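Here's a solo chain for you in C-alpha cells, the form deposited in one PDB entry.
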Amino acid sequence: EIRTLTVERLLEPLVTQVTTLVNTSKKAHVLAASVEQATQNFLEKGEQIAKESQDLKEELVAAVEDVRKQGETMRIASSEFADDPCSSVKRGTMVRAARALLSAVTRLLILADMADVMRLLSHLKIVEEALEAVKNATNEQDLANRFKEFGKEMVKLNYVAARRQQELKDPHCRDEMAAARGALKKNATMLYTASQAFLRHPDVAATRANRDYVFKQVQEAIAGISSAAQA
C-alpha cells in the first residue's frame, strides 16, 4: 500500500472498472468500454506526470509506454472476452491481461512517488547545507550572504514540501510533517540570531553552545520532514 491522494485518485477509477469487468454479452462490452475509457484518461494523466517530472524522467516515459502496451493487450483480450462471455479460456486471457495492466500502472505510480520524494530530499539536503554555511560564517557580512543563499533555497523547498504535505492521506503523517516544517522555519531565524550573538560575543561560551544547539535543532527538523514525507 502506497498512501498519497494522487495515487489513490488515479488508481481508483481504473481499478474499479477492471475489477467489475473481471467479476462478470451486450453489457460485458459496456464494461470493457468503460475500462478502455478509464485506461485512456489515466494514460493522459500519466504522460502529463512524465512531462512535469524533473527526476527519473526517461524511466517515467518508458513506464507510460509500458502502460500503453498492457492497455492495448487488455482491450483486445477484453473485447474477445466480451464477444464470448462464458468462455473460460478467453476469461483467463482477459484476467491475466488485467493483472498485467494494473501491475504496469502500479509500477508507474511507485516510480512517480519516488521521483517526488527525491525532489523533496534534494531540496532538503541543499537547505541543510546552506544553513550549515550560516552556522559556520565568521563575520556579519558573510553571515548575511550565507543567509541570503539559504533563503533562495528555502523558498524552493517550501512549496515542494507543502505540496508533499497536501498529498499525504494519513493526517497523523500530514500534521507531523507540518510541525517539522514549522520547526525548520523557526530554527532558521533562531540560527541566524544565535550566529549573530556569537559574532557579537565570541568570548562568551554560552553563545557558541547555543548556536551549536540550534543547528542541531535544524538538523532534527530536516530529518523530521524527510521522515514524515516518506510516510
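Numbering starts at 1 and runs along the sequence shown.
J.: Using the PDB record, quantify the missing residues of the deposited sequence between residue 24 and residue 25 as none, 1 to 3, 4 to 9, or 10 or more.
T.: In the deposited sequence, 10 or more residues between these two have no coordinates.
J.: Of 76-84 and 131-139, which one has the bigger average CA B-factor?
T.: So the stretch with the higher mean C-alpha B-factor is 76-84.
J.: So which stretch wins on mean C-alpha B-factor, 64-72 or 193-201?
T.: 64-72 has the higher mean C-alpha B-factor.
J.: If you check the C-alpha B-factor for each of 33, 184, 206, 162 in the entry, which is highest?
T.: 33 has the highest C-alpha B-factor of those listed.
J.: Between 145, 158, 103, 93, which carries the biggest CA temperature factor in the record?
T.: Within the set 145, 158, 103, 93, 93 shows the top C-alpha B-factor.
J.: Divide the modelled residues of the chain into thirds by Cα B-factor and specify which third, lowest, middle or highest, holds residue 221.
T.: For residue 221, whose C-alpha B-factor we compare with every modelled residue in the chain, the answer is the lowest third.
J.: Quick check on the deposited entry: does the C-alpha B-factor of residue 56 sit in the lowest, middle or highest third of its chain?
T.: CA B-factor rank for residue 56: highest third.
J.: Taking the values exactly as deposited, rank residue 188 by C-alpha B-factor within its chain and report the matching third: lowest, middle or highest.
T.: It falls in the bottom third of the chain.
J.: How does the C-alpha B factor of residue 214 compare with the rest of the chain: lowest, middle or highest third?
T.: For residue 214, whose C-alpha B-factor we compare with every modelled residue in the chain, the answer is the lowest third.
J.: What third of the chain does residue 180 rank in for C-alpha temperature factor, lowest, middle or highest?
T.: Lowest third of the chain for residue 180's C-alpha B-factor.
The same protein has a further form, the form deposited in another entry, not shown here; the description that follows concerns it.
J.: In the other entry, the Cα separation between residue 161 and residue 48 changes by 3 Å or more relative to the shown form; did it shrink or grow?
T.: Farther is correct, given that in the other entry the C-alpha spacing of residue 161 to residue 48 is increased by at least 3 Å.
J.: Given a change of 3 Å or more, say if the Cα atoms of residue 176 and residue 53 sit closer or farther in the other entry than in this form.
T.: Pair moves farther apart in the other entry.
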